[PDB]
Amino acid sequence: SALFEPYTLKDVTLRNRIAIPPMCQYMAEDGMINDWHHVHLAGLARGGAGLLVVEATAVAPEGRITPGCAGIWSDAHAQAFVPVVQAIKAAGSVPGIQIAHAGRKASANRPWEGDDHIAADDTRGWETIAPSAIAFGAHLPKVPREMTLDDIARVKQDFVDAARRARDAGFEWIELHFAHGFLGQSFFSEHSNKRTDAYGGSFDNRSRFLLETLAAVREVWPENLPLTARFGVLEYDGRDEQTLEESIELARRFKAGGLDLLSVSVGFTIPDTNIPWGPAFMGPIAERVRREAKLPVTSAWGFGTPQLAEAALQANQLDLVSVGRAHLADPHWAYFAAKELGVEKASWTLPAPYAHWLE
C-alpha cells in the first residue's frame, strides 16, 4: 500500500504517509495546554499515524483565534508541550506543530459558542491586527487595526521565538500557518491587503511578510528538521487562475527559501466565495502545485476514505495524506485504513497491548 510506505524528509522518517493535520481543540486557558491536549494527542499518536501536527498555536496572545486557543508566546507556554511531545515520540509518531497568528479573524468565540467575533464588552475579547483596516464581514465584522512597520517586525520576531521554542520543546516538524484567511494569508491577498508601503501592492510586496517570516524562522529552525507551511493557493472567488499562478510562484520562492513541504489549502480570506466541497476535491490543485513548484505537498478534506487516500498517493497528487475529522471520530483511523487496504499484520499499526488482541 502506498499509504503505508514510510517517508523521509530531511532527517525525519515518518512510518507511513498518514498525517494528522492541525486541529484546534479550543481547550487551552490563556494559551496554556492541559490534560485535554495531552490525552488527545498521545492517543492519536498511538493510533498509528506517521505524523501528528499540533493545532494552530498562537505566536502572540492577540493571534489566538479564540480564548481557548493554544499559545507558545512564552517559555512557560512552550514547556507545557514537552510532556506531550515526549508522549508522541514514545508512540512512534513524529511530533509537529503549526505556529499561527489569526490576524483579523482573531478574538472569536469557540465554534460551539457562536463562532463569531466576541462582543465589544465581553471581557475575554481583544483588538485584532491585520495588514489593512478592513473587516472579513459576515460573522467576523470587527475591523482590525492596520499594522505599523514596528508591528510587522514584532510579529515576525514572535514567529521566530515560537519556532525557537518549538525546537527546544522537541518538535521535529514545524508548519507556518499562512492559510485560512489568518494573518499571513491576509498579507498575500489583494482582498485584505490594501497597503501602499513595502508590504502591499505588488506581488513582491504582498509576498514580503510571508517570505521574511519564513527566512527569519529558518535562522532558528534546524536545517535537519522539516520546515513547512500551510498556504491557501486559491479562493474560489472568480479569480482562480490568476490567483493560482501567483500562489505557485510564491511556492517556488518558498522552496528556494528552504521550505521542505507545502500543505496546500484554500484561502478563506473573504466570505463571498463558492468552494466546491467534495471528497478529495483539492487533489488536482495540490498536484498542480507539486508539479509546477517541484515541491512535496500534502492536502486535506475528505481523505478519511482509505481508498481515496491511497489513490491520491498512487497518482502522485500528494506526498502525505492529511486526515482530520476521521481521527476525531476514531483515534485509531490508521488501523482502520490498514485493514481496509489489506495491509499485512494490520493490527500492528497499533501498539502491542492493542495489536495482539486484534489480529
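One rule holds for the numbers: they count along the sequence shown, beginning at 1.
Student: Pick between 223-231 and 194-202: the one whose mean CA B-factor in the entry is higher.
Tutor: In the deposited entry, the stretch with the higher C-alpha B-factor mean is 194-202.
Student: Averaged over C-alpha atoms, is the B-factor higher for 185-193 or for 236-244 in this PDB entry?
Tutor: Averaged over C-alpha atoms, the B-factors run higher in 236-244.
Student: Quick one: which of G267, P141, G170, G96 has the biggest Cα B-factor according to the entry?
Tutor: Comparing C-alpha B-factors across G267, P141, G170, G96, the top value belongs to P141.
Student: Among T123, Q86, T128, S263, where is the Cα temperature factor highest, going by the PDB entry?
Tutor: Comparing C-alpha B-factors across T123, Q86, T128, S263, the top value belongs to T123.
Student: Among the chain's modelled residues, which third holds the C-alpha B-factor of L176?
Tutor: As the PDB entry reports it, the C-alpha B-factor of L176 lands in the lowest third of its chain.
Student: Among all modelled residues of this chain, ranked by Cα B factor, put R218 in the bottom, middle or top third, i.e. lowest, middle or highest.
Tutor: Highest third of the chain for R218's C-alpha B-factor.
Student: Just say lowest, middle or highest third for the CA B-factor of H37 relative to the other modelled residues in its chain.
Tutor: Answer is lowest: the recorded C-alpha B-factor places it there.
Student: For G103, return the chain-relative third of its C-alpha B-factor as stated in the PDB record: lowest, middle or highest.
Tutor: Within its chain, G103 is a lowest-third residue by C-alpha B-factor, going by the deposited values.
Student: Sorting by Cα B-factor within the chain, modelled residues only, which third would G71 end up in: lowest, middle or highest?
Tutor: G71: CA B-factor falls in the lowest third of its chain.
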